Amino acid sequence: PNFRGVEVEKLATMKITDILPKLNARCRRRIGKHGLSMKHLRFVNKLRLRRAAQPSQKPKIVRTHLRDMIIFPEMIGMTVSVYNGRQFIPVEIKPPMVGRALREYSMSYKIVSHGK
Amino acid sequence: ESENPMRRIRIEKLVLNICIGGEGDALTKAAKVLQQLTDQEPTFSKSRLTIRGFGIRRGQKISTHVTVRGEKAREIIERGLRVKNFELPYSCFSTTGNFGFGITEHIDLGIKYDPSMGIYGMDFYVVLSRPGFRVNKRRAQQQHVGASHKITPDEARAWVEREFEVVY
Amino acid sequence: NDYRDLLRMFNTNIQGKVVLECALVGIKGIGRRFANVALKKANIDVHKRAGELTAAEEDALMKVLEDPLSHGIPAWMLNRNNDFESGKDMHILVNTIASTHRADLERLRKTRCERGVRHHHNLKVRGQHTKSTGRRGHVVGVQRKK
RNA sequence: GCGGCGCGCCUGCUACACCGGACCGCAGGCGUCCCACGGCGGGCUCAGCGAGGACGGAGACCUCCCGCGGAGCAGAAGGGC
């Protein structure tokens, strides 16, 4: 249940910079030698300011084409569309779930149903 | 404003139940899990009748149960409330003041997960008794207990709340 | 020679033939991240019968495995470098390997993901070779609920 | 009349409240089975009404509670426990 040395609430309130030092290579270099794009960066402040301003049950759950943006600890607690190549997949991010791409939790494939 | 001291509530006993069809040796494997926790030999209950959905065939051992009481009862049940985050569903209390909960993982109770011992889920049920209930079980003078002295579920939820500080 | 066959530790029998080194990577395999980077040396003899090894040498060996960092083994040899738990670098021993595997697989199920579906459905994960390569045994995408 | 066997035997009827009462009259069985399905002593309460409890639902287990027998006693049925 505890994630990367932080309890669920601590990591939830921890900044993106805080969880970044102890993380996987792709995650560390995502911002370490790189950063984020301006489109990717804007999307963060299109749910962030909504996740922190709940007036009741969320009326947003916005549908976003952007998919492989590594999820941020703060964005935990909300459902993101994580568009697969056709239809949006509603995804609620678990606090231990953070530290990996929103791509991993979204299914664009058929599970099985063949073998004929 | 004082209840008689016999009107207190005591955990008479705790039952421990598994239902591993019969498989090839699974019931024996659960015997190991029960033996360490209760320090007692679990007795193998038996299947009644033969059914299609499960593999019981009127003679396959289908379940293992041990009844634990006193100091052991408190600790084994306290384990069960911590692992159930001090939360229990409200309807679990029954008509005779008996309540139960479910325990995923024989390992979650602090037993080490083993390749040799596969995870076996068990379930619990704790029987609450008001001192003076012997009138129902003694070989001589066996007569039913009176209405007041029987634990009503509302009174027992209060004893569970007082005993473990649980919430529903 | 007091070869002393068996000398089992960690609930895993060893041999009077195995050299002191293969004896740990051969402790069920599970329980020893090997390549013998530190195993080759440790404090134990390089090439002798593994039963002959004295208990005191075995006990010091048990201690080096118990605290790898104290021995001076670099973190890269150890398996769990960052930990998704309390985030503390740790070695894996025999029982914890399959407990941690449950931790890795059951976490996968609770945090539903393509990497979990590619394990609950038993499809090989990552390779995407469930197309024309592994007729082998029938561990391939089949299906037939109705 | 050999199509049936009431040609030996048993249960419940028919049977007309002691008993005895007919019929190719009805509703059925018997020709076996079991050294435990026997004898005895001890313990025990059963089918189930509920109300609860990982998976677990018509349904499998484990709990209490109320449980006059509503259970099972090798097979016909009727007593009996």
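Computed from the coordinates by the stated procedures, all read-outs in this text should not be read as laboratory data. Cβ: placed from backbone, ideal geometry, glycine included. Neighbour counts: every protein chain shown.
The residues of the stretch B:68-92 that are exposed (fewer than 15 other Cβ atoms within 10 Å of the Cβ), assigned to a helix (DSSP H, G or I) and either free of Cβ contacts under 8 Å to residues at least 24 places away in the same chain or more than 13 Å from the chain's Cα centre (by Cα) (or both), listed by number, are B:70, B:71, B:75, B:82, B:90, B:91.
No other residue among B:54, B:99 is within 30 Å of residue B:149 (Cα to Cα) and in contact with a strand residue (DSSP E or B) (Cβ under 8 Å, 6 or more places away or on another chain) apart from B:99. Scanning the stretch C:68-78 for residues that are within 15 Å of residue C:33 (Cβ to Cβ) and loosely packed, with under 12 Cβ neighbours inside 10 Å turns up C:74, C:76. Going through (1) within 14 Å of chain C (Cβ to nearest Cβ); (2) more than 11 Å from RNA strand D (Cβ to nearest atom) one by one, residue B:121 falls short only on (2). With respect to the conditions (1) within 14 Å of RNA strand D (Cβ to nearest atom); (2) more than 30 Å from residue B:158 (Cα to Cα); (3) surrounded by fewer than 15 Cβ atoms within 10 Å (Cβ to Cβ), residue B:24 falls short on a single one, namely (1). Of all the criteria given as (1) within 11 Å of chain A (Cβ to nearest Cβ); (2) in contact (Cβ under 8 Å) with a residue 12 or more places away in the chain, the one not satisfied by residue C:139 is (1).
Filtered by the rule that a residue be of a type in the set (A, V, I, L, M) and either touching a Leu at 6+ places or on another chain (Cβ under 9 Å) or surrounded by 15 or more Cβ atoms within 10 Å (Cβ to Cβ) (or both), the stretch B:105-144 gives B:107, B:109, B:111, B:117, B:119, B:122, B:126, B:127, B:128.
Please tell me if residue C:97 is within 27 Å of residue C:120 (Cβ to Cβ) and surrounded by 13 or more Cβ atoms within 10 Å (Cβ to Cβ). Criteria met by residue C:97. Every condition in (1) more than 8 Å from every other protein chain (Cβ to nearest Cβ); (2) buried (at least 16 other Cβ atoms within 10 Å of the Cβ); (3) in a loop (DSSP other than H, G, I, E, B); (4) within 22 Å of the chain's Cα centre (by Cα) is met by residue C:125 except one, and the failing one is (2). A residue that is closer than 30 Å to residue C:80 by Cα, of a type outside the set (A, V, I, L, M) and either assigned to a loop (DSSP other than H, G, I, E, B) or more than 10 Å from every other protein chain (Cβ to nearest Cβ) (or both) cannot be found anywhere in the stretch A:108-115.
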